[PDB]
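Next up: just one chain, as structure tokens, the form deposited in one PDB entry.
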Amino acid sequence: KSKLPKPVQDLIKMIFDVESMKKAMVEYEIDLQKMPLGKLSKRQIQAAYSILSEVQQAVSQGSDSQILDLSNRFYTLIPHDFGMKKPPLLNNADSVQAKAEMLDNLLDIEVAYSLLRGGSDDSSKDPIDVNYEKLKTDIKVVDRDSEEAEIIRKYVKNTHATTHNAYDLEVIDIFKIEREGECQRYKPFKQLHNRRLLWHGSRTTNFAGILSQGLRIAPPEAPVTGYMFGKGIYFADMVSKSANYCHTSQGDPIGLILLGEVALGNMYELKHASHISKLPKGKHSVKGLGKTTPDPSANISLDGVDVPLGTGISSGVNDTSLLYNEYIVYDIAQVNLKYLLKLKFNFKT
């Protein structure tokens, strides 16, 4: 019987939940009868990315006769639940982004499931502890009365956007997390200027992969047109922006969100989509300029790292696609994951 704290045990149950993985697959219209969770593999996913990169090609350069063949070959690699079908045609930039998002999620599910079916079987040990070891991550419950908790709750309290007012958030648990060897990976960037504590939200079925592998970049095979600022790791300074990417609902209202230390450095600032393969010389990150920004006068420091937890104000930026800020790094060593919060979404709709 596990001696880990209850909060940590409920987190391990959540993230290694096999039924939740399957639920996510049918959310993306996959056929589990033909492509079940156990049949999933990296090279099928990478091949699908490549077929999706070809559909990208033909969309950019403009016919519905040829596209049909490309579209069909995508469905061959990743079976969808359409019966005797004629499935929907993949003929635009949206469809490319939608299937790229699915394949991102499938990659993290394969990793989680592979940990689950890899390794040893020992009935004397609590499965919770066994699965905790597979994450190679030290998780400790942050105390509610501590100063680091007060700052984090104030970051959540102050940075909920008016346009995301369909819900509010309760911080249920705050975990301090330390991935094995990540501090050693981060070392070159640790004293770099413009380090910031930023949100990353993701569905709970991705977190086993995230805590085992770290936040990763989408692979070479993936279509760079499927991501607004190319293939990097994306963070926000407004909690609700990242919270939306949990994909919680009335029938699934508990989510997970990270706080990471992100070495932004010299930010290449952008107002509109720009599907870059690499930064311009001397830039360490992209900053997608939002219309609203957290108040710069209210920046607080937590362990020498800036925490932009001021209330939302006007940035004074005019012709921008983004309502709120957005931060992207393109080297995975520029991220050091610091906290993990478990959130209860109170939907009012």
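From 1 onward, residues are counted along the sequence shown. Under this definition, the rigid core comprises the largest set of C-alpha atoms superposing within 1.5 Å between the forms.
Separately, the form deposited in another entry exists; it is not shown, and the next lines address it.
Of the residues checked (154, 193, 140, 85), the rigid-core alignment between this form and the one not shown shows a Cα shift of at least 2 Å for 85 alone. In the core-superposed comparison between this form and the one not shown, the C-alpha atom of residue 302 has shifted by at least 2 angstroms. Relative to the superposed rigid core, the position of the CA of residue 277 differs between this form and the one not shown by 2 Å or more. Positional change of residue 250 between this form and the one not shown stays under 2 Å at the C-alpha, relative to the superposed core.
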